[PDB]
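Chains as they are written, first to last, in the numbering used here: chain A, 197 to 357; chain B, 197 to 357; chain C, 1281 to 1334; chain D, 140 to 295; chain E, 40 to 74; chain F, 3 to 112; chain G, 495 to 765.
One structure is given here, and the rest of the page talks about it.
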Amino acid sequence: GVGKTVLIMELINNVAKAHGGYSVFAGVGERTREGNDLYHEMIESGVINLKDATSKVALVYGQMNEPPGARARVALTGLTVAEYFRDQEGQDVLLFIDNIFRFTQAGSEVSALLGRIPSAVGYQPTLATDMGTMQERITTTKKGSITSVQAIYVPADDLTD
Amino acid sequence: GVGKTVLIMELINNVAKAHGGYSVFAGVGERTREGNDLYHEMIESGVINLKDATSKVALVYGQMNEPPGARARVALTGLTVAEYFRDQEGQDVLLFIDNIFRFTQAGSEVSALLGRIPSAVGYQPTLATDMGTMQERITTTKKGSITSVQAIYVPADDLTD
Amino acid sequence: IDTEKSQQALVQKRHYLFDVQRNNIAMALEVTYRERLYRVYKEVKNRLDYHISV
Amino acid sequence: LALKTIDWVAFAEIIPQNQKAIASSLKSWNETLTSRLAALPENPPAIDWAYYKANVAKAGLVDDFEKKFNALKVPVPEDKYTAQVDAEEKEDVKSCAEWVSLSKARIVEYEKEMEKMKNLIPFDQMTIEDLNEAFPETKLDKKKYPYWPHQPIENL
Amino acid sequence: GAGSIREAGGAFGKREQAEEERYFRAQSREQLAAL
Amino acid sequence: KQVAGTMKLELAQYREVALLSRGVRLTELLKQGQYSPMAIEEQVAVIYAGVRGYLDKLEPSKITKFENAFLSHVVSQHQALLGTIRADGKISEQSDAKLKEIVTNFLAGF
Amino acid sequence: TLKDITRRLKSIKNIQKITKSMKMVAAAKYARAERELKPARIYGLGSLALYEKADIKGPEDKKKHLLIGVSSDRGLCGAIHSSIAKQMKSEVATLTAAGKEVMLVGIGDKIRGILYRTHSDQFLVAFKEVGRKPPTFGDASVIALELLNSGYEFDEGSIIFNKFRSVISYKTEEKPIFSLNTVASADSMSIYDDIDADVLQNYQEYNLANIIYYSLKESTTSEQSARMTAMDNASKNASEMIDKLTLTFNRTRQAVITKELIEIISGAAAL
Ligand SMILES: Nc1ncnc2c1ncn2[C@@H]1O[C@H](COP(=O)(O)OP(=O)(O)O)[C@@H](O)[C@H]1O
Ligand SMILES: Nc1ncnc2c1ncn2[C@@H]1O[C@H](COP(=O)(O)OP(=O)(O)O)[C@@H](O)[C@H]1O
Ligand SMILES: [Mg+2]
Ligand SMILES: [Mg+2]
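See below:
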């Protein structure tokens, strides 16, 4: 409740509408009503067009009502959409991920059931390599550009988490 | 970085030159550059005699690059040399151990691999009895004297560790 | 008398203003010449390098 | 590229108060142009055509480029500004030498006057007319005050 | 907890050290000129 | 070592009371830009200029720019003294006086 | 970290103890100051009764001005020295804007330390060791001598002090100081018999000493009250910080115990 969603919506308003390329919003483990709000606001503002092929945003939602597997892979699904737009289209892509922390958290929720010895604060031992495998695809190559805005939740306000 | 090594070298200089009783130095899990420096200081100051073998210090060195077993037993090796000098000759001996904390530390580094549940602060359950069986041999008896100067590393300046 | 002689000393030092102006004109012309030579060199090499890179 | 080395305080003592900013700007541009001549060499490295003869498989484009470059007349800029500052230096030297001759006139007059003061008769052989000749401020204003004592009574 | 203000190294320990050093450097200058 | 023993002592003494103007001079002299590693001779010249008093006549704000200008001057018309410091490794009393007068003249002109 | 929080707790606890003791000491000194302020106020206000009955009005066109500011050598008071300095700076501005040549006097090291960086050309003398011991009439006499044995023949003066109203309230007041020429040239003084310039000189010197004494005795009480309230507020704030840091410390120690348990349990579960 410090303003990550407000800031990312302000950035969508200030950059994505004035953007020339495409845009992908990956809702990861967030409020479903926030996804409904974003959908209908993008329809009102013409950024999503339900009648022809002039839409400029692709939405991928796995929200906080989803089991941990969907919450762990929906970010990858959004990455795949943005990566297609970056590579095969050569476009400049905007990728908004709210919230990316859920990704890690979802992995934690399954890490015990996969039979792994827990790491610090109960997280999976593969936290850093999972995060790296995911994040290294979120990048600008010399085949196309991806500008990425990721909201990152901080558990209990502890930045050393 | 507070001055344990400088102070122990000053004590070496002062006492072990004001002494005629077969000092012994044990380098336990410390820097190799420092061991080379001490060796050449002793060669230069006549305490170690490369030719005309009338030296008065024995050196035992197991440094940081050694596995935990070597760093856990090198203190006992130096202790054994000093024990021979004390008991099998009656001589009054000096024993300089830098650094003895490493001894304890070495034990910890194998504890979990020896099948032992960790104790507090990650130490072996047998920290006190290991330290006791090693330290109770470094003592003056009626057979002879052992003056022991030990450098003890304090992790993060705790002193309650 | 001392004041007048000092005034004469300053008059003798006067010429540095025109030395400065001449220095700046010469240096500006030299900088312009060398920048032009670097521009022509860079354009020629850059086109040849685009060819070699494709 | 023969420059005149310049003292930078002597340059400061000779700047009137209506062009201090101009002197500072000339100084700053002198330092800037020195730095910029330092940060670029004298002659561009003429690249050998080797890496462009044996590594370009195109029909003579490298060769015609090198021909067109070997015979390029890059415009060398002309001074067009040093002659007029030389004329201004000549004019200023003229004015300064004139003023200096004036100052030498004043100085020879002052030296005459100091010899006059140094060759005064001692004050106990001195009349009052001699004092009114030496220090003319010690003369009674017998026009403003025509009657004795020829001065204000409080002055006494 | 004696001396814990200076021991915490906060904004109050730094000003304490500054005060001691100022005062005693003034006193050292006063004691050296009279020697 | 010659310049830096004194610089370390004075910076410690400044940290004790943070004299104070020399300490601020040395602090603002320790600041450095990024991707600009200076040569050891130029470092020695700058720390000399800062530790001998040639920087207390200037306000702490301008120190930085002076340094730049200083370096420029020293790397434009005084390559001999820098080469001397580089080859000999130490400063000689002769070269001490040389750099002394160089920095005095430059501060007069600055 | 637990050790950082414990360090800060110990530091702020020491600060709270010291400020509480200082508040008690300031209360003990303010009791005596407010006791001694009664006869000192009768004295210093009877010294001014003449200029209020004769209605001396000072000169409107005179040139030289002497501005005295009363404070102490001790801080931790609040807006005592700052009030004096603000009034002194305002008055110096308003006088120099009228062409008057102003010279400053600061009783107490704090006012001189505040004003010496911007107003130092306009400065005559300052005085030290004001605040440790209560002010005496010897202090006022010494200040009056060094204001008289200074050769600065002023035309008019003002003295800016902190008049004590209550334990909570003090107001920065200003009193006028007349010269011999102002009280001699006044037409309302023609009714005072057996007067010449010599008796008026002696009277004006003594009244300078009296007004300095009265200002010192008002300012000491104002300052002791201000220091008492300031140390009270400092103790309040220190207690607030102590409570918040005690909450944080208990939180952190619980977290540390839980983390160590989790480490031991995960080490045991891997066997
Ligand atoms: N830019 C803002 N201006 C005003 N209030 C804000 C702003 N950002 C956040 N807030 C307040 O913080 C609340 C939480 O907003 P939100 O962005 O949804 O939290 P979160 O950090 O979990 O995403 C908002 O309802 C609003 O009250
Ligand atoms: N007696 C001393 N005098 C001066 N400096 C010292 C002294 N002791 C230590 N130092 C400084 O502290 C540094 C640490 O030296 P060292 O003896 O290796 O400490 P430790 O062994 O405890 O880590 C030294 O390099 C030196 O700079
Ligand atoms: Mg949110
Ligand atoms: Mg050591």
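Cβ atoms here follow ideal geometry from the backbone N, Cα and C, with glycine treated the same way.
At which residues does the alpha helix (DSSP H) containing residue i begin and terminate?
| i | result |
| --- | --- |
| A266(B) | 264-283 |
| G231(A) | 228-240 |
| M518(G) | 496-540 |
| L109(F) | 95-111 |
| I637(G) | 631-642 |
Just how far apart, CA to CA, sit residue i and residue j?
| i | j | result |
| --- | --- | --- |
| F68(F) | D294(B) | 50 Å |
| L200(D) | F112(F) | 54 Å |
| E668(G) | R1294(C) | 59 Å |
| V215(D) | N1304(C) | 17 Å |
| residue 192(B) | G761(G) | Within the shown structure, residues of chain B are numbered from 197 to 357, placing residue 192(B) beyond reach of any answer. |
| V253(A) | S219(A) | 5 Å |
| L1297(C) | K219(D) | 18 Å |
| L618(G) | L598(G) | 6 Å |
| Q259(A) | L234(A) | 13 Å |
| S63(F) | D1299(C) | 32 Å |
| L22(F) | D615(G) | 25 Å |
| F655(G) | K59(F) | 39 Å |
| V232(D) | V1291(C) | 9 Å |
| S163(D) | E1310(C) | 22 Å |
| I653(G) | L101(F) | 56 Å |
| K497(G) | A316(A) | 21 Å |
| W188(D) | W168(D) | 39 Å |
| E12(F) | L32(F) | 13 Å |
Looking at the secondary structure, which residues open and close the beta strand (DSSP E) in which residue i lies?
| i | result |
| --- | --- |
| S219(A) | 218-224 |
| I685(G) | Premise fails: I685(G) is in no beta strand (DSSP E) and is neither H nor E. |
| residue 775(G) | With chain G covering 495 to 765 only, the question about residue 775(G) has no answer from this structure. |
| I550(G) | That residue, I550(G), is in no beta strand (DSSP E); it is neither H nor E in DSSP. |
| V596(G) | 595-601 |
Give the secondary structure of residue i by DSSP, where H, G and I count as helix, E and B as strand, and everything else as coil.
| i | result |
| --- | --- |
| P670(G) | strand |
| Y16(F) | helix |
| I751(G) | helix |
| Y56(F) | coil |
| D218(D) | coil |
| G258(A) | strand |
| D231(D) | helix |
| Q346(A) | strand |
| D294(B) | strand |
| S719(G) | helix |
| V619(G) | strand |
| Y664(G) | strand |
| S74(F) | helix |
| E650(G) | strand |
| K657(G) | strand |
| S307(B) | helix |
| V243(B) | coil |
| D288(A) | strand |
| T322(A) | coil |
Between residue i and chain J, is any beta-carbon pair separated by less than 8 Å?
| i | result |
| --- | --- |
| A47(E) | Here chain J cannot be found, since the structure's protein chains are A, B, C, D, E, F and G. |
Item to check | Given 8 Å, three or more beta-carbon pairs between the region 337-354 of chain A and the region 280-300 of chain A | outcome: Touching, yes, given that three or more Cβ pairs across the two stretches are closer than 8 Å.
Item to check | Validate contact between the region 299-313 of chain B and the region 233-250 of chain B using beta carbons, cut 8 Å, 3 pairs | outcome: no
Checklist entry - Per the contact definition of three or more C-beta pairs closer than 8 Å, is the region 710-729 of chain G in contact with the region 571-583 of chain G? => result yes
Checklist entry - When the Cβ atoms of the region 587-605 of chain G are set against those of the region 615-629 of chain G, are three or more pairs found closer than 8 Å? => result Two segments are said to touch when three or more pairs of C-beta atoms, one from each, lie closer than 8 Å; by this definition the region 587-605 of chain G touches the region 615-629 of chain G.
Checklist entry - Pairing CB atoms from the region 47-54 of chain E with CB atoms from the region 505-515 of chain G, are three or more of them under 8 Å? => result In this structure the region 47-54 of chain E lies against the region 505-515 of chain G, because at least three pairs of beta carbons, one per stretch, are closer than 8 Å.
Next on the checklist: Please output, in chain order, the residues near ligand 2 using a CB cut-off of less than 5 Å to any non-hydrogen atom of the ligand.
Outcome noted: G197(B), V198(B), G199(B), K200(B), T201(B), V202(B)
Checklist entry - Counting pairs of beta carbons, one from the region 41-54 of chain F and one from the region 78-87 of chain F, are three or more of them closer than 8 Å? => result yes
Item to check | Sufficient close CB pairs (3 or more, under 8 Å) joining the region 693-707 of chain G to the region 663-677 of chain G | outcome: yes
Item to check | Meets three-Cβ-pair contact criterion under 8 Å: the region 58-71 of chain E and the region 515-522 of chain G | outcome: no
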